[PDB]
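One file, my_file-v9.pdb, carrying PDB, C-alpha atoms (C1' of nucleotides):
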```pdb
ATOM      1  CA  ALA A   1       4.830  -4.706 -34.493
ATOM      2  CA  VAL A   2       1.325  -3.899 -33.142
ATOM      3  CA  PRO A   3       1.071  -5.722 -29.750
ATOM      4  CA  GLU A   4      -2.147  -7.035 -28.112
ATOM      5  CA  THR A   5      -3.856  -6.608 -24.700
ATOM      6  CA  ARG A   6      -5.553 -10.045 -24.424
ATOM      7  CA  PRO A   7      -7.696 -11.016 -21.381
ATOM      8  CA  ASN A   8      -5.868 -11.482 -18.034
ATOM      9  CA  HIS A   9      -7.622 -11.736 -14.633
ATOM     10  CA  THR A  10      -9.228  -8.226 -14.657
ATOM     11  CA  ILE A  11      -9.277  -5.049 -16.868
ATOM     12  CA  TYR A  12      -8.630  -1.272 -16.941
ATOM     13  CA  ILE A  13     -10.663   1.559 -18.574
ATOM     14  CA  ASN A  14      -8.953   4.464 -20.412
ATOM     15  CA  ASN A  15      -9.838   7.795 -22.114
ATOM     16  CA  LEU A  16     -11.912   8.606 -18.974
ATOM     17  CA  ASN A  17     -13.400  12.113 -18.475
ATOM     18  CA  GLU A  18     -11.021  15.053 -17.818
ATOM     19  CA  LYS A  19     -13.450  16.982 -15.544
ATOM     20  CA  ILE A  20     -14.227  14.441 -12.762
ATOM     21  CA  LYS A  21     -13.367  14.876  -9.049
ATOM     22  CA  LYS A  22     -11.683  11.401  -8.893
ATOM     23  CA  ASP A  23     -14.210  10.195  -6.270
ATOM     24  CA  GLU A  24     -16.908  10.599  -8.951
ATOM     25  CA  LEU A  25     -15.073   7.969 -11.072
ATOM     26  CA  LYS A  26     -15.213   5.436  -8.189
ATOM     27  CA  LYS A  27     -18.974   6.031  -7.692
ATOM     28  CA  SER A  28     -19.473   5.326 -11.436
ATOM     29  CA  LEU A  29     -16.710   2.718 -12.004
ATOM     30  CA  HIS A  30     -17.386   0.898  -8.692
ATOM     31  CA  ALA A  31     -21.188   1.044  -9.365
ATOM     32  CA  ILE A  32     -21.369  -0.345 -12.951
ATOM     33  CA  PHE A  33     -18.524  -2.935 -12.766
ATOM     34  CA  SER A  34     -20.276  -4.712  -9.815
ATOM     35  CA  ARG A  35     -23.949  -4.911 -10.974
ATOM     36  CA  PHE A  36     -23.099  -7.718 -13.469
ATOM     37  CA  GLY A  37     -20.424  -9.286 -11.183
ATOM     38  CA  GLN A  38     -18.426  -8.273  -8.069
ATOM     39  CA  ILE A  39     -15.660  -5.617  -8.123
ATOM     40  CA  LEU A  40     -12.683  -6.488  -5.866
ATOM     41  CA  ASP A  41     -10.932  -3.082  -6.163
ATOM     42  CA  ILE A  42     -10.128  -0.228  -8.608
ATOM     43  CA  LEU A  43      -6.851   1.689  -9.256
ATOM     44  CA  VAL A  44      -7.007   5.425 -10.137
ATOM     45  CA  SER A  45      -4.047   7.834  -9.688
ATOM     46  CA  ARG A  46      -2.974  11.258 -11.059
ATOM     47  CA  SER A  47       0.370  10.282 -12.703
ATOM     48  CA  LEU A  48       1.199  10.562 -16.450
ATOM     49  CA  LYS A  49       0.717   6.773 -16.896
ATOM     50  CA  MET A  50      -2.480   6.934 -14.769
ATOM     51  CA  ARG A  51      -4.039   9.788 -16.824
ATOM     52  CA  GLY A  52      -7.640   9.080 -17.971
ATOM     53  CA  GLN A  53      -7.921   5.417 -16.827
ATOM     54  CA  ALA A  54      -8.804   3.155 -13.847
ATOM     55  CA  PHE A  55      -7.716  -0.504 -13.435
ATOM     56  CA  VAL A  56     -10.673  -2.569 -12.139
ATOM     57  CA  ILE A  57     -10.213  -5.892 -10.254
ATOM     58  CA  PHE A  58     -12.710  -8.813 -10.328
ATOM     59  CA  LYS A  59     -11.540 -12.389  -9.447
ATOM     60  CA  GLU A  60     -11.515 -14.416 -12.700
ATOM     61  CA  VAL A  61     -11.086 -13.544 -16.422
ATOM     62  CA  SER A  62     -14.697 -14.643 -17.150
ATOM     63  CA  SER A  63     -15.826 -11.963 -14.623
ATOM     64  CA  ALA A  64     -13.843  -9.071 -16.139
ATOM     65  CA  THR A  65     -14.408 -10.421 -19.679
ATOM     66  CA  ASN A  66     -18.153 -10.050 -18.967
ATOM     67  CA  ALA A  67     -17.652  -6.505 -17.569
ATOM     68  CA  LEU A  68     -15.381  -5.535 -20.519
ATOM     69  CA  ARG A  69     -17.896  -6.880 -23.099
ATOM     70  CA  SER A  70     -20.730  -4.738 -21.627
ATOM     71  CA  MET A  71     -19.435  -1.125 -21.385
ATOM     72  CA  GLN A  72     -17.208  -1.312 -24.522
ATOM     73  CA  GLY A  73     -16.784   2.433 -25.292
ATOM     74  CA  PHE A  74     -19.639   3.679 -23.053
ATOM     75  CA  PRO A  75     -20.448   7.363 -22.252
ATOM     76  CA  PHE A  76     -19.769   8.163 -18.551
ATOM     77  CA  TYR A  77     -20.315  11.902 -17.852
ATOM     78  CA  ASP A  78     -19.460  13.383 -21.300
ATOM     79  CA  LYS A  79     -17.085  10.992 -23.167
ATOM     80  CA  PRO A  80     -16.932   7.343 -24.396
ATOM     81  CA  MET A  81     -14.803   5.265 -21.971
ATOM     82  CA  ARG A  82     -12.768   2.542 -23.755
ATOM     83  CA  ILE A  83     -12.180  -0.701 -21.788
ATOM     84  CA  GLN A  84      -8.886  -2.661 -21.999
ATOM     85  CA  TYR A  85      -7.961  -5.955 -20.241
ATOM     86  CA  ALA A  86      -5.220  -5.806 -17.555
ATOM     87  CA  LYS A  87      -2.390  -8.196 -18.636
ATOM     88  CA  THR A  88      -0.941  -7.555 -15.134
ATOM     89  CA  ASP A  89      -4.301  -7.399 -13.276
ATOM     90  CA  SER A  90      -4.203  -7.103  -9.430
ATOM     91  CA  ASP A  91      -0.562  -7.778  -8.401
ATOM     92  CA  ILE A  92      -1.767  -9.207  -5.023
ATOM     93  CA  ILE A  93      -3.126 -12.261  -6.935
ATOM     94  CA  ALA A  94       0.568 -13.344  -7.196
ATOM     95  CA  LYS A  95       0.704 -14.013  -3.407
ATOM     96  CA  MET A  96      -3.071 -14.077  -2.637
ATOM     97  CA  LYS A  97      -2.765 -17.926  -2.785
ATOM     98  CA  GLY A  98      -2.167 -17.627   1.013
ATOM     99  CA  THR A  99      -5.741 -16.170   1.397
ATOM    100  CA  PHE A 100      -7.126 -19.620   2.296
ATOM    101  CA  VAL A 101      -7.467 -21.594  -1.011
TER     102      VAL A 101
ATOM    103  CA  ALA B   1      -8.833  -3.889  33.889
ATOM    104  CA  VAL B   2      -5.924  -5.915  32.408
ATOM    105  CA  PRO B   3      -6.980  -6.767  28.797
ATOM    106  CA  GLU B   4      -5.878  -9.841  26.773
ATOM    107  CA  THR B   5      -4.273 -10.426  23.332
ATOM    108  CA  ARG B   6      -5.854 -13.825  22.481
ATOM    109  CA  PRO B   7      -5.082 -15.662  19.190
ATOM    110  CA  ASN B   8      -6.398 -14.068  15.953
ATOM    111  CA  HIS B   9      -5.296 -15.112  12.431
ATOM    112  CA  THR B  10      -1.565 -14.191  12.803
ATOM    113  CA  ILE B  11       0.800 -12.571  15.406
ATOM    114  CA  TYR B  12       3.318  -9.749  16.025
ATOM    115  CA  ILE B  13       6.695  -9.800  17.870
ATOM    116  CA  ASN B  14       7.765  -6.935  20.192
ATOM    117  CA  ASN B  15      10.802  -5.796  22.254
ATOM    118  CA  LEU B  16      12.919  -6.467  19.109
ATOM    119  CA  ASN B  17      16.603  -5.382  18.969
ATOM    120  CA  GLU B  18      17.423  -1.633  18.881
ATOM    121  CA  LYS B  19      20.578  -2.006  16.714
ATOM    122  CA  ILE B  20      19.259  -3.792  13.572
ATOM    123  CA  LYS B  21      19.272  -2.341  10.020
ATOM    124  CA  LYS B  22      15.527  -3.163   9.529
ATOM    125  CA  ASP B  23      16.335  -5.499   6.592
ATOM    126  CA  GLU B  24      18.189  -7.709   9.102
ATOM    127  CA  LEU B  25      14.873  -8.210  10.983
ATOM    128  CA  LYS B  26      13.165  -9.482   7.786
ATOM    129  CA  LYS B  27      16.021 -11.957   7.106
ATOM    130  CA  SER B  28      15.571 -13.299  10.678
ATOM    131  CA  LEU B  29      11.778 -12.849  11.092
ATOM    132  CA  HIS B  30      10.985 -14.037   7.529
ATOM    133  CA  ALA B  31      13.452 -16.982   7.940
ATOM    134  CA  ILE B  32      12.281 -18.480  11.288
ATOM    135  CA  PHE B  33       8.494 -17.853  10.968
ATOM    136  CA  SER B  34       8.390 -19.895   7.688
ATOM    137  CA  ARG B  35      10.481 -23.022   8.544
ATOM    138  CA  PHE B  36       7.625 -24.445  10.701
ATOM    139  CA  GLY B  37       4.859 -23.026   8.424
ATOM    140  CA  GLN B  38       4.569 -20.421   5.625
ATOM    141  CA  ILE B  39       4.885 -16.646   6.226
ATOM    142  CA  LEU B  40       2.468 -14.565   4.095
ATOM    143  CA  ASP B  41       3.988 -11.148   4.965
ATOM    144  CA  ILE B  42       5.553  -9.104   7.818
ATOM    145  CA  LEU B  43       4.945  -5.476   8.949
ATOM    146  CA  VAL B  44       7.884  -3.408  10.302
ATOM    147  CA  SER B  45       7.913   0.432  10.388
ATOM    148  CA  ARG B  46       9.814   3.189  12.272
ATOM    149  CA  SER B  47       6.857   4.941  14.012
ATOM    150  CA  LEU B  48       6.337   5.234  17.811
ATOM    151  CA  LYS B  49       3.671   2.463  17.716
ATOM    152  CA  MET B  50       5.931   0.383  15.407
ATOM    153  CA  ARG B  51       9.008   0.656  17.704
ATOM    154  CA  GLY B  52      10.658  -2.729  18.484
ATOM    155  CA  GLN B  53       8.062  -5.049  16.848
ATOM    156  CA  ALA B  54       7.038  -6.719  13.541
ATOM    157  CA  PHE B  55       3.542  -8.079  12.727
ATOM    158  CA  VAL B  56       3.875 -11.463  10.959
ATOM    159  CA  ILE B  57       1.119 -12.897   8.691
ATOM    160  CA  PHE B  58       0.422 -16.644   8.196
ATOM    161  CA  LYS B  59      -3.035 -17.826   6.936
ATOM    162  CA  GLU B  60      -4.810 -19.512   9.886
ATOM    163  CA  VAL B  61      -4.620 -19.157  13.711
ATOM    164  CA  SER B  62      -3.244 -22.732  14.027
ATOM    165  CA  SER B  63      -0.308 -21.600  11.803
ATOM    166  CA  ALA B  64       0.598 -18.489  13.825
ATOM    167  CA  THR B  65      -0.298 -20.252  17.106
ATOM    168  CA  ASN B  66       2.388 -22.823  16.183
ATOM    169  CA  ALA B  67       4.899 -20.049  15.306
ATOM    170  CA  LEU B  68       4.052 -18.103  18.513
ATOM    171  CA  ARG B  69       4.443 -21.239  20.705
ATOM    172  CA  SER B  70       7.971 -21.905  19.330
ATOM    173  CA  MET B  71       9.970 -18.635  19.662
ATOM    174  CA  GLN B  72       8.241 -17.463  22.898
ATOM    175  CA  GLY B  73      10.834 -14.929  24.187
ATOM    176  CA  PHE B  74      13.725 -16.058  21.932
ATOM    177  CA  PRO B  75      17.134 -14.297  21.570
ATOM    178  CA  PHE B  76      17.543 -12.763  18.066
ATOM    179  CA  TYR B  77      20.825 -10.780  17.830
ATOM    180  CA  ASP B  78      21.237  -9.681  21.495
ATOM    181  CA  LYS B  79      17.782  -9.580  23.196
ATOM    182  CA  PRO B  80      14.785 -11.885  23.938
ATOM    183  CA  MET B  81      11.973 -11.185  21.420
ATOM    184  CA  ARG B  82       8.481 -11.542  22.970
ATOM    185  CA  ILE B  83       5.709 -12.815  20.639
ATOM    186  CA  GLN B  84       2.105 -11.508  20.824
ATOM    187  CA  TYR B  85      -0.928 -12.579  18.716
ATOM    188  CA  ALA B  86      -2.380  -9.986  16.283
ATOM    189  CA  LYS B  87      -6.077  -9.427  17.232
ATOM    190  CA  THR B  88      -6.288  -7.427  13.954
ATOM    191  CA  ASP B  89      -3.945  -9.675  11.900
ATOM    192  CA  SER B  90      -3.552  -8.881   8.146
ATOM    193  CA  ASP B  91      -6.305  -6.335   7.298
ATOM    194  CA  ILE B  92      -6.459  -7.681   3.685
ATOM    195  CA  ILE B  93      -8.083 -10.886   5.075
ATOM    196  CA  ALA B  94     -11.260  -8.733   5.453
ATOM    197  CA  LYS B  95     -11.646  -8.516   1.629
ATOM    198  CA  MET B  96      -9.276 -11.369   0.587
ATOM    199  CA  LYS B  97     -12.462 -13.531   0.247
ATOM    200  CA  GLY B  98     -12.384 -12.358  -3.426
ATOM    201  CA  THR B  99      -8.985 -14.169  -3.867
ATOM    202  CA  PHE B 100     -10.731 -17.249  -5.313
ATOM    203  CA  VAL B 101     -12.244 -19.189  -2.331
TER     204      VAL B 101
ATOM    205  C1'   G C   1       3.074  24.527  -1.183
ATOM    206  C1'   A C   2      -0.861  25.405  -5.002
ATOM    207  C1'   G C   3      -2.971  26.042  -9.760
ATOM    208  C1'   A C   4      -3.197  25.870 -15.186
ATOM    209  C1'   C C   5      -1.510  23.620 -19.291
ATOM    210  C1'   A C   6       0.121  18.723 -21.320
ATOM    211  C1'   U C   7      -0.040  13.461 -22.384
ATOM    212  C1'   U C   8      -5.031   8.174 -24.655
ATOM    213  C1'   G C   9      -1.373   5.744 -20.800
ATOM    214  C1'   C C  10      -1.147  -2.233 -17.703
ATOM    215  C1'   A C  11      -1.184   0.727 -12.318
ATOM    216  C1'   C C  12      -1.937  -2.026  -7.106
ATOM    217  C1'   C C  13       5.448   0.812  -6.669
ATOM    218  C1'   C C  14       7.170   3.628  -3.898
ATOM    219  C1'   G C  15       8.297   7.447   1.062
ATOM    220  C1'   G C  16       6.447   9.063   6.232
ATOM    221  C1'   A C  17       3.876   8.117  10.811
ATOM    222  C1'   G C  18       8.015   9.808  19.051
ATOM    223  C1'   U C  19      10.631  14.176  20.311
ATOM    224  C1'   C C  20      15.269  17.064  20.243
ATOM    225  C1'   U C  21      18.966  19.588  17.295
ATOM    226  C1'   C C  22      22.591  21.150  12.977
TER     227        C C  22
ATOM    228  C1'   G D   1      17.122  17.245   4.679
ATOM    229  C1'   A D   2      20.011  14.203   8.316
ATOM    230  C1'   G D   3      21.515  12.310  12.968
ATOM    231  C1'   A D   4      21.175  11.301  18.298
ATOM    232  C1'   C D   5      18.103  10.690  22.164
ATOM    233  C1'   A D   6      13.140   8.695  23.626
ATOM    234  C1'   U D   7       9.070   5.206  23.963
ATOM    235  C1'   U D   8       7.909  -2.223  25.178
ATOM    236  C1'   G D   9       3.984  -0.341  21.282
ATOM    237  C1'   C D  10      -2.162  -4.627  17.178
ATOM    238  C1'   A D  11       0.500  -2.122  12.236
ATOM    239  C1'   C D  12      -0.845  -3.704   6.662
ATOM    240  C1'   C D  13      -3.204   3.859   7.090
ATOM    241  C1'   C D  14      -1.900   7.291   4.840
ATOM    242  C1'   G D  15       0.694  11.169   0.518
ATOM    243  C1'   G D  16       3.440  11.406  -4.497
ATOM    244  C1'   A D  17       4.592   9.441  -9.318
ATOM    245  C1'   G D  18       3.860  14.802 -16.972
ATOM    246  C1'   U D  19       5.724  19.684 -17.466
ATOM    247  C1'   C D  20       5.084  25.056 -16.713
ATOM    248  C1'   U D  21       4.558  29.090 -13.218
ATOM    249  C1'   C D  22       3.244  32.291  -8.501
TER     250        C D  22
END
```

What would you get if you wrote out this structure as structure tokens?
Amino acid sequence: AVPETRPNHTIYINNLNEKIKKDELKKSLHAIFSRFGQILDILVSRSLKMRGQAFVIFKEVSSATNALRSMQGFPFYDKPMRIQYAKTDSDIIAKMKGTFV
Amino acid sequence: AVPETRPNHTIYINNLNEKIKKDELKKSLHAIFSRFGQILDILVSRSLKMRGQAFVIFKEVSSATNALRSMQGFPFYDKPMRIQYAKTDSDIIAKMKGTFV
RNA sequence: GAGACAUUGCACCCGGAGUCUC
RNA sequence: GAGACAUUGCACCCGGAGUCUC
């Protein structure tokens, strides 16, 4: 009982604000998760599972681990955003090996 | 007048068959473009611009140049498929730099 | 088609992109 | 909604994914 998130490639924030215009979350999420690293991409939808969250992509665990240990429960526009690692992280990293490496 | 395709990252076949079930093109396209290299992905739709073609992705020009100089106008199921380089190639290669390289 | 109310959630999946007609 | 007929074409873009109602 009681599972665990654990660090895995990147992370995903949750409990986001419920009064943002979606694009406002990218300007804030894609502006704070890159200052101390380099954001590769973010995932924000309007489905039940994607309600009040936004998966962020970095490149290595040590990059997202540094971004997750900086805004741990931080106030965005009017609520504390909780950060949680992404056990699945960017699914393109499963075939990205063909990038050039 | 008279432009040129030129080699660029990967390629795209055209004049494909007009009696395939779509999945049959992937079994043939994704089976011959990998034997002499390593296919990264293929693009086949049903739009006017995507009529009788299938963009293939490799990794480097020398990989697609080798695949394009092997099946130049080859018969698939009942027609000669013409191969043409993809000046745009996979658009993810524009931000894939964050893969790990 | 759209809006309000719900959920505290590991998503990057999926479907369309040429006209014509029943 | 689907099928036939068209186009010989550098696409990987885009839109949905919680219910309730007008």

What does the PyMOL selection byres ((chain D and resi 1-15) around 8) select in this file, as a PyMOL selection string? (chain B and resi 12+14-15+43-44+48-53+55+86-92) or (chain C and resi 18-20) or (chain D and resi 16)

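Put simply, the PyMOL selection byres ((chain A) within 12 of (chain B)) in this file takes in residues 9, 37, 38, 39, 40, 41, 57, 58, 59, 60, 61, 63, 90, 91, 92, 93, 94, 95, 96, 97, 98, 99, 100 and 101 of chain A.
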
Judged by only C-alpha atoms (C1' of nucleotides), the minimum distance to chain C among B:47, B:84, B:62, B:70 is found for B:47

Here's the selection I'm unsure about, the PyMOL selection byres ((chain B and resi 22-29) around 8); applied to the file above, which residues does it give, as number ranges by chain? B: 20-21, 30-33, 42, 44, 76

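Atom CA of residue B:11 is found 12.8 Å from atom CA of residue B:81.
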
Could you check which of A:17, A:35, A:67, A:75 is closest to chain C, using only C-alpha atoms (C1' of nucleotides)? A:17

Around all the atoms of stretch 15-20 of chain A listed in the file, draw an axis-aligned box and extend it by 5 Å on each of the six sides; I want its centre and edge lengths in Å to one decimal, as AutoDock Vina command-line options.
```
--center_x -12.0 --center_y 12.4 --center_z -17.4 --size_x 14.4 --size_y 19.2 --size_z 19.4
```

So the first atom is atom CA of residue B:68 and the second is atom CA of residue B:83; what is the distance between them in Å, to one decimal place? 5.9 Å

Could you tell me how far atom CA of residue B:79 lies from atom CA of residue B:7, in Å and to one decimal? 24.0 Å

Just checking: using all atoms listed in the file, which residue out of A:18, A:6, A:45, A:78 ends up closest to chain C? A:45

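Each of A:16, A:46, A:77, A:85 was checked against chain D using all atoms listed in the file; the smallest atom-to-atom distance is that of A:46.
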